[PDB]
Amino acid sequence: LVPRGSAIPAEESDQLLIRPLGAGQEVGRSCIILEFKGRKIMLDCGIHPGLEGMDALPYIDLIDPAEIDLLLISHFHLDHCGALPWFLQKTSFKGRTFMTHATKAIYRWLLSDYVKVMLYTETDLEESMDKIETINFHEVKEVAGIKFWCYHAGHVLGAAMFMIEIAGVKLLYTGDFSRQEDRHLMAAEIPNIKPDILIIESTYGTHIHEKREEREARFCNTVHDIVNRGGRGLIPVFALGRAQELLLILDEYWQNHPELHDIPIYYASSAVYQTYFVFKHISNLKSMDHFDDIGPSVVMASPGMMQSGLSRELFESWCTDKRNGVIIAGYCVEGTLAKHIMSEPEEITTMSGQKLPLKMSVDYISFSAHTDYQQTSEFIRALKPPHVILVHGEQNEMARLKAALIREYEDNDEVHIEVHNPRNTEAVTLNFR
């Protein structure tokens, strides 16, 4: 392949290798290796939310961490940076690590909360902070002959899509990205600089997102139904990011419905967000012991997939009463309670091992801010990369996305894009002249 940035006799070709260590045909523990002309790069370093202990890590044992020159972190979600203190403090890694300023500012407070609710300690987290360098958007940095820069990804505050250039070959990694304007976030940029290779998430496959006004209306109607029948409504969220969008939606709906003004809405969290929202109907809640659990009410609590913590405790307190209900707004990863209850089980198991009947209502209305097929198709068509590598999607979803994208470029005489869906540990190899 001739790099796009370029009849003369070609010299020898160089091989570029891409290998997922996590998020290959799965969602969770994003960690993708790039190898080219003696440079080695790691893209993201996450944990899997539906696995435990060392099982939740990417397959780092397949590389020599001392050989990695550069580690780029796309955004603050834990399936992209949750393994980072372990990688920085507990391996032979001695390379350079970058994230955007906002990502690092949130990451420090976020993983400390994660530890206090094991791969590493608070000491590991604080001792690894200085090993992380920051980068502004739209600025080139250079490490070991690798040039890189980032574009806005949408999705959450600070989220980046990294473009990488080595010896004239350019690769764009989306991280997680969204092309839908939020109430507080801009949409992801579409680079004018065209990459040879695109590594892109596959979270929603060939699904098309419901219109935002319709999802907001269904979300508000569901909450309204729950509190109107005397129920407590649980909204599990990751501590920061999408939660701020949901709170703005609810606060606006409450202001427009005076018959709801005596019903409280609690945001149970644990602030530079606004540095980088003064609600009229929402109250801050510090812990379960600070909460008068009076019905009816709305409580937005972490974690988003209810694996443990306050959202799990409230779920177990509330699940046996049909008046109550839970509204799940995130992507539900395999192995989590939030995913498990999608099958409508008759009973659930508490953290303490007791069986309880599941009578509260369960509704799924996604606001997870990922790309859908229409957004992903448009993005790829604007860039026309000769090679597209799908990551970060469940196996069936990713296989359908691959098949649909291949069908889009069969009769195209300008370019015949190749689409790859590697399993974890499987290499994609590409030769450049």
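Between two forms, the rigid core is defined as the largest C-alpha subset superposing within 1.5 Å. The first residue of the sequence shown is number 1, and the count goes up from there.
Between 364-372 and 404-412, the larger mean CA deviation from the shown form in 4 other deposited structures of this protein, after core superposition, belongs to 404-412.
After superposition on the rigid core, the larger root-mean-square Cα deviation in 4 other deposited structures of this protein belongs to 279-287, not to the other of 72-80 and 279-287. Checked against the other entries of this protein, residue 148 counts as resolved in every one of those spanning it, not missing from a third of them. Modelled in this chain, residue 273 is nonetheless unresolved in at least one third of the other entries of the protein that span it on both sides. Deposited sequence between residue 117 and residue 118: 4 to 9 residues lack coordinates. Missing coordinates between residue 270 and residue 271 amount to 4 to 9 residues of the deposited sequence. Higher average CA B factor: 339-347, of the stretches 324-332 and 339-347. Just going by the entry, 354-362 versus 108-116 on mean CA temperature factor gives the higher value to 108-116.
Comparing the listed residues 314, 186, 84, 99, the entry records the largest Cα B-factor for 186. Sorting 158, 233, 241, 191 by the CA temperature factor given in the entry leaves 241 at the top. In this PDB entry, residue 385 carries a Cα temperature factor that places it within the lowest third of its chain's modelled residues.
The entry lists a Cα temperature factor for residue 302 that places it in the middle third of the chain's modelled residues. Annotation for residue 415: CA B-factor lies in the highest third of the chain's modelled residues. Per the PDB record, residue ranking by Cα B-factor puts residue 284 in the highest third of the chain. When the modelled residues of the chain are ordered by their C-alpha B factor, residue 196 lands in the lowest third.
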